[PDB]
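Please note: Cβ atoms are built from the backbone with ideal geometry, for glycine as well, and neighbour counts cover all protein chains shown. Read-outs: derived from the displayed coordinates by stated rules, not from any lab.
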Amino acid sequence: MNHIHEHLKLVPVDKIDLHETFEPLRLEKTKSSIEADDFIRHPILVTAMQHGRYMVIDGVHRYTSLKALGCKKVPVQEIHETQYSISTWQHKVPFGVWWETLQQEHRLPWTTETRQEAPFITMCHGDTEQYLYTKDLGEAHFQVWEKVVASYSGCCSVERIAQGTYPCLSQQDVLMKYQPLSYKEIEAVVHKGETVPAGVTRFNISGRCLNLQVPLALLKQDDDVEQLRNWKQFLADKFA
């Protein structure tokens with residue numbers, strides 16, 4: 001039962017990478033909660049990249065909070081490729097002016113055609129569907145995410161929806177959908193020192209370690225040798 005235990009590590013903040021940006025306000029709510037509790041409840045789930053680097057796949061705000069507090073290291077659970085898959089959050093907002101505003105500002109090749117290829121992006125309004133096909137985009141298809149998301153996101157209150165066929169088909173509502181990125185794509189983004197718009201990607205992860213309640217005082221211990229001691233003992237007291 002110590003599979004989890006074996007994969008809890010104390011990783012330096014400077015060796016962890018983000019593929020999304022963080023919302024500035026979510027950070028201060030998380031950081032305030034952690035300080036009020038004086039412990040970080042959940043460990044930051046990461047996936048191992050090459051050269052001793054790691055990518056956050058859950059706990060962006062936890063990571064950035066501890067980093068802001070000056071924690072040299074953060075508690076992570078290393079996840080394996082077998083344990084998690086990648087998906088996407090569907091965005092539901094009300095249809096509005098931003099659709100035309102987006103159209104003339106960027107003039108993307110929206111089409112009604114239902115091709116043998118899968119849509120890179122989908123726009124649902126009524127019983128109609130408009131798509132982007134990565135071929136029509138060709139190059140500059142890395143950036144279109146930021147352009148499509150930024151249009152409605154800001155003048156609309158976004159509502160995240162999972163692919164469980166849970167939408168209400170309002171006559172007036174629109175539903176944005178994004179093709180999931182492969183792991184290779186996300187890795188490249190991180191390698192280029194780049195990011196993608198937050199609130200789109202969705203990591204479905206199994207075998208998660210929850211409610212570890214790592215005390216802040218431990219993560220604030222400047223002395224390295226002593227920090228490992230209390231940490232290793234902390235993982236001893238709490239079996240996994």
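Going by the structure shown, is residue 188 under 30 Å from residue 102 (Cα atoms) and in a helix (DSSP H, G or I)? Give the derivation first.
Numbers: under 30 Å from residue 102 (Cα atoms): yes; in a helix (DSSP H, G or I): yes.
When the stated conditions are applied, residue 188 passes them.
Can you tell me which of (1) closer than 23 Å to residue 183 by Cβ; (2) among the aliphatic types (A, V, I, L, M); (3) touching a strand residue (DSSP E or B) at 6+ places or on another chain (Cβ under 6 Å); (4) surrounded by fewer than 19 Cβ atoms within 10 Å (Cβ to Cβ) is the one residue 93 doesn't meet?
It is condition (1) that residue 93 fails.
Please go through the stretch 196-240 and give me each residue that is closer than 19 Å to residue 45 by Cβ, among the polar types (S, T, N, Q) and either assigned to a loop (DSSP other than H, G, I, E, B) or in contact with an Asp or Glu (Cβ under 6 Å, 6 or more places away or on another chain) (or both), ordered by number.
Of everything in the stretch 196-240, those that are closer than 19 Å to residue 45 by Cβ, among the polar types (S, T, N, Q) and either assigned to a loop (DSSP other than H, G, I, E, B) or in contact with an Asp or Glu (Cβ under 6 Å, 6 or more places away or on another chain) (or both) turn out to be 206, 211, 213.
Identify all residues within the stretch 65-87 that are over 17 Å from the mean Cα position of the chain (by Cα) and farther than 23 Å from residue 199 by Cβ; write none if there are none.
Those that are over 17 Å from the mean Cα position of the chain (by Cα) and farther than 23 Å from residue 199 by Cβ: 69, 70, 71, 72, 73, 75, 82.
Please work out which residue is farthest from residue 191 (Cα to Cα), limiting yourself to the stretch 29-61 and to residues that are aliphatic (A, V, I, L, M) and part of a helix (DSSP H, G or I).
Of the stretch 29-61, the ones aliphatic (A, V, I, L, M) are 34, 36, 40, 44-46, 48-49, 55-57, 60.
So of that shortlist, the ones also part of a helix (DSSP H, G or I) come out as 34, 36, 60.
Working: 34: 30, 36: 35, 60: 18 Å.
Result: 36.
Name the strands (runs of 3 or more DSSP E) wholly inside the stretch 90-175 in which the number of residues that are of a type in the set (S, T, N, Q) is 1 or more.
Those strands (runs of 3 or more DSSP E) span 90-94, 121-125, 128-132.
In the stretch 1-59, which residue that is more than 23 Å from residue 240 (Cβ to Cβ) and among the hydroxyl-bearing types (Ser, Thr, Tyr) is surrounded by the most Cβ atoms within 10 Å (Cβ to Cβ)?
Only one residue tops the list, namely 30.
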